[PDB]
Amino acid sequence: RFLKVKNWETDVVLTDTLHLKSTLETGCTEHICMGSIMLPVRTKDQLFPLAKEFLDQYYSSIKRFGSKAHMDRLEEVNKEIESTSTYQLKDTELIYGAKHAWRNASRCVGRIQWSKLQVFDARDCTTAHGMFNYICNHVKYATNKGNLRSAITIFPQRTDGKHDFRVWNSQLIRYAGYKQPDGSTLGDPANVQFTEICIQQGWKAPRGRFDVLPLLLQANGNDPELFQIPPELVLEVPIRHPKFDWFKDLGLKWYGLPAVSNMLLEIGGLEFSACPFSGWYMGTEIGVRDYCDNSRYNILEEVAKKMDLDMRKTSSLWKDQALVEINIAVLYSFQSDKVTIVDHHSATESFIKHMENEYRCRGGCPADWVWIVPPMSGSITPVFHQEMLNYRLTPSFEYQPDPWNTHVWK
Amino acid sequence: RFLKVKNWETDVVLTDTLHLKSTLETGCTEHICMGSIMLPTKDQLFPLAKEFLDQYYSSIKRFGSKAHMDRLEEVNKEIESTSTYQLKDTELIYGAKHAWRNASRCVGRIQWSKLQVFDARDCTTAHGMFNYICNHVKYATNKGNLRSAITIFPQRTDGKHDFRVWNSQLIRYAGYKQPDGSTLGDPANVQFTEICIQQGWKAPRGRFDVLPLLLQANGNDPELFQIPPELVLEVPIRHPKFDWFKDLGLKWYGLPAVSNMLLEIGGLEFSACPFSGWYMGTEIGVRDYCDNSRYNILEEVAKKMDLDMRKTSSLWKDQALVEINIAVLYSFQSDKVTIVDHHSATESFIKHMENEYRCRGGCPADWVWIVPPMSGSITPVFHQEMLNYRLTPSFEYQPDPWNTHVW
Ligand code: HEM
Ligand code: HEM
Ligand SMILES: C[C@H](O)[C@H](O)[C@H]1CNc2nc(N)[nH]c(=O)c2N1
Ligand SMILES: C[C@H](O)[C@H](O)[C@H]1CNc2nc(N)[nH]c(=O)c2N1
Ligand SMILES: N=C(NCCC[C@H](N)CNCCN)N[N+](=O)[O-]
Ligand SMILES: N=C(NCCC[C@H](N)CNCCN)N[N+](=O)[O-]
Ligand SMILES: [Zn+2]
């Protein structure tokens with residue numbers, strides 16, 4: 001079957017065949033679309049077919065499909081699975097798998113960079129301290145003094161589901177959130193629950209507005225352990241505005257390294273529950289969502305007041321005006337400190353080019369419109385006008401339950 | 001099953017069961033989501049009529065009554081004998097309001113029950129249609145205090161006597177292809193504008209020329225009509241701070257009136273059912289004015305604001321976008337012409353959703369269309385999970401007439 005997607009701004013129509021290799025479900029049915037829904041131990045039996053699918057894809061990618069190497073590898077894995085119930089990926093397969101999980105992430109607008117991913121193999125890791133060391137090396141490498149480099153660190157895969165490696169942080173670097181008895185929130189409201197877990201685990205919180213959270217690391221299914229990332233390794237950017245000298249006085253800053261660490265990387269049926277990865281920020285992630293979401297830093301008012309906008313009626317679009325300036329500030333500050341960042345215009349334009357390229361070289365590019373379109377100025381970015389097809393391909397990055405909800409404490 | 005939708009800004013979770021009554025396909029499957037795709041017999045008729053009448057009598061607290069059974073049999077006998085049937089005025093009104101109620105892409109549905117329905121089912125000619133339309137335009141415009149309305153022309157029969165309004169909206173500006181290769185006026189209407197010329201219209205070759213109505217009655221060829229200029233309310237766009245804004249020579253019409261959709265009620269199809277409400281600011285300021293394929297005025301506005309357009313990261317496009325939208329709203333409010341900003345409209349929809357969930361078990365909504373084209377996440381709907389599904393009565397898209405009309 002063939003599926004056409006059209007860009008209503010350019011009339012460019014693309015054809016998708018890649019979706020044919022989509023196995024996982026989407027949540028939608030022929031009677032209902034769940035396209036805006038945030039989130040709608042294996043047996044030897046269902047493992048080899050998953051392994052075979054992957055290895056076939058891998059060997060096909062290196063132009064060795066059907067080769068003796070390919071056939072031996074399949075037999076090797078088959079025997080290993082029957083012999084040990086699981087199997088180990090070769091380093092090459094790991095790197096290939098990691099890159100493709102990114103390539104397949106339909107909610108990621110930065111995928112034009114997928115082939116350039118530095119993969120750190122941390123499968124020989126056995127303890128939390130070991131994980132800490134690996135993560136520090138990842139942060140230092142990825143940060144590269146402001147010239148950010150995409151990277152992923154992969155810890156040991158799941159075995160029986162009772163020895164999982166997990167990074168309890170949702171992101172390697174995030175600011176603590178603190179619920180005050182008066183009901184107000186200090187810091188990032190999104191991290192209050194995790195911050196409480198850290199404190200409970202022994203973390204001495206400086207209770208500030210921008211305290212870098214400590215890493216809570218779980219190795220081999222053991223209870224997690226706290227570690228403080230060396231401050232000298234955490235790059236941060238003070239936010240100021242090019243024209244508004246008072247903006248800096250808002251006391252705002254943000255870390256330069258976005259590093260998701262709570263997702264599960266699935267490769268050939270294998271599950272890597274601890275696989276922190278990082279690239280670099282798109283301006284709006286911070287300027288629109290982290291700063292202006294009502295449930296996050298929510299700085300729209302204070303910024304609007306300082307700009308002395310007419311906040312008596314929404315129709316003055318004061319929120320919209322303040323929103324722009326704030327995002328101008330974020331981009332300006334990062335560029336000024338020479339810390340990698342990309343604006344939503346550049347990033348979405350790049351994604352369209354990436355997408356078109358993917359349709360031609362791969363027959364498609366699963367994309368989640370709801371997530372791809374920036375949270376501000378939607379229609380003035382090309383992606384808004386681009387029809388997209390969302391489906392799931394493996395390898396992939398999947399959500400997994402928060403560890404504190406499933407962990408058996410020792 | 002019983003699906004739930006969560007709002008990630010307020011954690012509020014709502015359960016949807018209304019979807020369990022959906023009958024039409026969405027275009028999606030268990031393997032692929034087409035949520036961002038813009039356009040994914042007597043035997044067939046009675047079940048549809050039955051479905052409708054059942055919900056109708058259910059809505060009037062007379063489900064399973066003799067009146068219900070009687071009507072059901074009457075329509076039944078009517079279909080068997082006439083291969084179709086006629087809706088009672090009451091059923092017509094109910095159906096029209098519900099088609100709106102079910103429009104998953106409309107953010108202004110909190111207004112659904114206040115629709116004024118004009119029964120034009122006795123219409124027979126294009127002049128008759130013009131008369132009905134003029135009356136609709138004047139009624140809905142209400143000197144600037146817009147009132148929602150829909151005018152329903154005769155239902156489909158054998159498909160060869162279909163009533164159709166060729167315009168996409170009762171009021172739109174013409175578009176002409178110039179030698180320069182550029183486009184004069186609204187690029188979106190270039191084709192229709194030519195079909196008017198190709199039909200007789202004398203285009204003034206302007207930037208904002210109110211197109212003429214092309215009405216089709218009983219399948220006959222369509223006829224042109226100039227909407228009494230005095231009936232077409234327009235708003236000059238000026239900025240509440242940039243005195244130079246007026247120099248752009250921009251203006252827009254106050255009445256948004258979709259006229260190319262098909263109203264489906266109890267299996268019956270009304271191919272000519274122009275309807276109107278009022279504008280949400282972004283429709284004009286963001287889409288009509290800033291879309292690259294539309295009046296695409298960002299650069300011009302940017303230049304006059306004298307901001308660095310060298311780098312995209314200066315966010316000049318964004319800065320200018322806001323000003324253009326502040327101007328649109330300002331101009332409409334200044335001239336006392338109804339209009340709603342995206343913040344207010346989205347706030348209303350969230351409220352509407354909640355009402356619909358507790359009063360009807362849900363609300364089909366298309367997130368992709370509901371979220372405004374600018375400042376998405378600072379509006380509540382961005383954080384609102386929505387379930388999209390099709391319910392009837394409904395407003396459906398239909399082929400442009402000039403691609404099906406046999407002159
Ligand atoms: C090169 C820089 C990159 C940029 C500019 C970029 C940008 C983005 C943005 C703007 C989002 C949306 C975030 C949100 O709204 O929460 C996102 C999501 C995502 N990206 Fe990328 N990304 C980049 C690198 C990466 C890397 C290195 C990976 C993996 C190897 C990746 C995997 C994903 C995934 C899985 C999601 C969805 C996460 C979720 O569902 O919460 N991205 N990316
Ligand atoms: C009272 C004021 C109303 C407001 C503020 C409102 C607002 C909107 C907006 C912003 C859109 C999207 C427009 C676009 O992007 O093209 C829309 C679409 C739509 N509205 Fe409403 N609406 C109103 C009244 C009506 C009425 C009276 C009806 C029907 C009786 C209606 C039926 C629909 C339908 C079917 C669509 C989708 C049209 C399409 O697919 O192109 N609306 N509305
Ligand atoms: C309910 C809705 O799915 C939700 O708010 C989504 C919308 N689009 C998004 N897009 C991105 N990039 N990130 C998000 O967190 C979201 N949230
Ligand atoms: C491709 C994508 O579906 C398309 O650009 C949609 C997105 N959302 C929209 N939303 C509204 N209200 N109106 C539109 O015309 C669109 N266009
Ligand atoms: N740019 C990236 N973005 C994703 C992580 C940062 C997101 N703004 C935080 N999302 C929090 C979960 N709702 N990732 N990256 O690796 O570069
Ligand atoms: N507000 C309304 N909007 C819909 C019609 C006007 C839209 N801006 C035109 N969209 C063209 C279809 N792609 N309708 N209304 O009845 O109020
Ligand atoms: Zn879907």
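We use all heavy atoms of the structure for the numbers below, so side chains are in, but hydrogens, waters and symmetry mates are not. Below, chains carry the letters A, B, ... as their sequence lines are ordered, and counting in each starts from 1.
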Q: Of the backbone (N, CA, C, O) and the side chain (C-beta and beyond), which part of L321(B) lies under 4.5 Å from a heavy atom of chain A, both, or neither?
A: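 Side chain only.
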Q: Check whether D291(B) gets within reach of chain A through its side chain, its backbone, both or neither, counting any heavy atom under 4.5 Å.
A: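 The side chain, not the backbone.
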Q: May I ask you to name which of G35(B), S22(B), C33(B) has the most heavy-atom pairs under 4.5 Å with chain A?
A: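 Ranked by contacts with chain A, first place is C33(B).
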Q: Check for a donor-acceptor pair, side chain of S36(B) on one end and backbone N or O of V370(A) on the other, with a separation under 3.5 Å.
A: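 Such a contact is absent between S36(B) side chain and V370(A) backbone.
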Q: Rounded to the nearest 0.5 Å, what separation is found between the CG atom of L389(A) and the SG atom of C28(B)?
A: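 Here the rounded value is 9.5 Å.
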Q: What part of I339(B) gets closer than 4.5 Å to chain A, counting heavy atoms only: side chain, backbone, both or neither?
A: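 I339(B) has no heavy atom closer than 4.5 Å to chain A.
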Q: Please check if any side-chain donor atom of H342(B) sits under 3.5 Å from a side-chain acceptor atom of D320(A), or the reverse.
A: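 Note: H342(B) and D320(A) side chains meet the donor-acceptor criterion.
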Q: Working to the nearest 0.5 Å, report the span between CG of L309(A) and CD1 of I326(B).
A: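 Atom-to-atom, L309(A):CG and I326(B):CD1 are 8.0 Å apart.
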Q: Would the number of heavy atoms belonging to other residues, nucleotides or ligands and lying under 6.0 Å from CD of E347(B) be above 12?
A: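 For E347(B), atom CD is not crowded (no more than 12 foreign heavy atoms under 6.0 Å).
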Q: Can you check whether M38(A)'s main-chain N or O pairs, donor with acceptor, with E385(B)'s side chain at less than 3.5 Å?
A: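 Answer holds: yes.
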Q: Heavy-atom count around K21(A) NZ within 6.0 Å, excluding the residue itself: above 12?
A: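 No - once you tally the heavy atoms of other residues, nucleotides and ligands closer than 6.0 Å, there are 12 at most.
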Q: Please say whether more than 12 non-hydrogen atoms of neighbouring residues, nucleotides or ligands are located less than 6.0 Å from NZ in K338(A).
A: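 No, the 6.0 Å shell around NZ holds no more than 12 heavy atoms from other groups.
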Q: For a quick check under 3.5 Å, do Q335(A) and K311(B) share a side-chain donor-acceptor pair by atom type?
A: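 Their side chains do contain a donor-acceptor pair, which is all the 3.5 Å distance test asks for.
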Q: Do side-chain atoms of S295(A) reach the backbone of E9(B) as a donor and acceptor pair under 3.5 angstrom?
A: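 Side chain of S295(A) to backbone of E9(B), a donor-acceptor pair under 3.5 Å: yes, one is there.
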Q: Relative to chain A, which of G376(B), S375(B), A365(B) shows the most heavy atom pairs under 4.5 Å?
A: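 When all of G376(B), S375(B), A365(B) are compared, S375(B) has the most.
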Q: Non-hydrogen atoms of chain A under 4.5 Å away: do they reach the side chain of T23(B), the backbone, both or neither?
A: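 The backbone, not the side chain.
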Q: Pick whichever of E25(A), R296(A), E30(A), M376(A) has the most heavy-atom pairs under 4.5 Å with chain B.
A: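 Top option by heavy-atom pairs under 4.5 Å: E30(A).
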Q: Determine the minimum heavy-atom distance between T26(B) and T29(A), stating which atoms define it.
A: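 Result for this residue pair: OG1-O, 3.2 Å.
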Q: Select one option (side chain, backbone, both, neither) describing which atoms of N388(B) are under 4.5 Å from chain A's heavy atoms.
A: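 Looking at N388(B), backbone and side chain both touch chain A.
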Q: Please identify, among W367(B), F382(B), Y389(B), the residue contributing the most non-hydrogen atom pairs under 4.5 Å to chain A.
A: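 Looking at each of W367(B), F382(B), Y389(B) in turn, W367(B) comes out on top.
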Q: Evaluate whether atom OH of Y399(A) has more than 12 neighbouring non-hydrogen atoms of other residues, nucleotides or ligands under 6.0 angstrom away.
A: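 Yes, because the 6.0 Å sphere around OH of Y399(A) holds more than 12 heavy atoms from other groups.
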Q: Inspect the surroundings of CD in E300(B) and state if more than 12 heavy atoms from other residues, nucleotides or ligands are less than 6.0 Å away.
A: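 More than 12 within 6.0 Å, yes.
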Q: So for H31(A), is it side chain, backbone, both, or neither that comes closer than 4.5 Å to the heavy atoms of chain B?
A: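 Both backbone and side chain.
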Q: Using a 4.5 angstrom heavy-atom cutoff, name the option from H19(B), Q319(B), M34(B) with the most pairs to chain A.
A: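 Heavy-atom pairs under 4.5 Å are most numerous for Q319(B).
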Q: Could you tell me which portion of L300(A) (side chain, backbone, both or neither) has an atom closer than 4.5 angstrom to a non-hydrogen atom of chain B?
A: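 Contact with chain B: side chain only.
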Q: Measure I32(A) against the heavy atoms of chain B and call it side chain, backbone, both or neither at under 4.5 Å.
A: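 Answer is both: backbone and side chain atoms of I32(A) are under 4.5 Å from chain B.
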Q: The test is side chain to side chain contact (heavy atoms under 4.5 Å, CB included); show your working for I37(B) and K4(A) and say whether it passes.
A: CA-CA 9 Å; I37(B) 302 299; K4(A) 304 284 192 300; over 6 Å; no
Q: Counting heavy-atom pairs closer than 4.5 Å to chain B, which one of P375(A), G283(A), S316(A) comes out on top?
A: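 The answer is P375(A).
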Q: Does NZ in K179(A) sit with more than 12 non-hydrogen atoms of other residues, nucleotides or ligands closer than 6.0 Å?
A: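 No - once you tally the heavy atoms of other residues, nucleotides and ligands closer than 6.0 Å, there are 12 at most.
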Q: So for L329(B), is it side chain, backbone, both, or neither that comes closer than 4.5 Å to the heavy atoms of chain A?
A: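 It is the side chain, since no backbone atom gets that close.
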Q: Can you say whether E323(B) sits under 4.5 Å from chain A via the side chain, the backbone, both, or neither, judging by heavy atoms?
A: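 Only the side chain of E323(B) comes within 4.5 Å of chain A.
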Q: Select one option (side chain, backbone, both, neither) describing which atoms of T314(A) are under 4.5 Å from chain B's heavy atoms.
A: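 When you check distances to chain B, atoms from both the backbone and side chain of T314(A) fall under 4.5 Å.
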Q: For residues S379(A) and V286(B), report the shortest heavy-atom separation together with the two atoms involved.
A: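 Distance-wise, the nearest heavy atoms are OG-CG1, 2.9 Å.
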